[PDB]
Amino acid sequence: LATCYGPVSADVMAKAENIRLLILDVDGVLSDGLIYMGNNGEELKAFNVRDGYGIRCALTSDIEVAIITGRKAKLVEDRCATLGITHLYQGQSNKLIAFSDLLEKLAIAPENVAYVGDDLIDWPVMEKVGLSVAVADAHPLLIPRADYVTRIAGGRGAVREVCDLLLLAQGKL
């Protein structure tokens, strides 16, 4: 099937067509993979504005969005609030426990879930979902495992690319 990032397989489009929940890793997926730290204890992360638009589009097109994080951080809470993401698990790590809880609370089967990751810690959940996605510049060992590898790098619009894929697959782009 034709996409604005290049051809995708029929299998990936079919997986995309059925997604009701999009789970997004933060570091290296929503961000550039960096953490900015300062001498007064400041901590910043950089998110991508066009990803934000994609997320808002998904949320208004009957695709739930969730984030699972290993450490509570106000900046992540603030980003979720800005975007309307209400499913945020923090201080977890481990992703399976939150994944299982999320699926129970939403009554959504794993085949109807997509997950976008950049590192090996993402694989246990990615292995279980309907559409697993590695970002273009993910850890090299993750890349061949995923159903779809984005064209765009983490923090640069990989998430927008996935939102665009789901919306296209579902006739909502």
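Rigid core here is just the name for the largest C-alpha set that superposes within 1.5 Å across the two forms. Start at 1 and count along the sequence shown; that's the residue number.
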* Structure fact -> Core-superposed comparison in 5 other deposited structures of this protein: bigger Cα RMS shift among 29-37 and 65-73 is in 65-73
* Asked: As stated in the PDB record, which stretch has the larger average Cα B-factor, 23-31 or 61-69?
  -> 61-69
* Structure fact -> Comparing 133-141 with 104-112, the higher average Cα temperature factor in the PDB entry belongs to 104-112
* To do: Could you tell me which third, lowest, middle or highest, the C-alpha B-factor of residue 150 occupies within its chain?
  => lowest
* Asked: Among the chain's modelled residues, which third holds the C-alpha B-factor of residue 39?
  -> middle
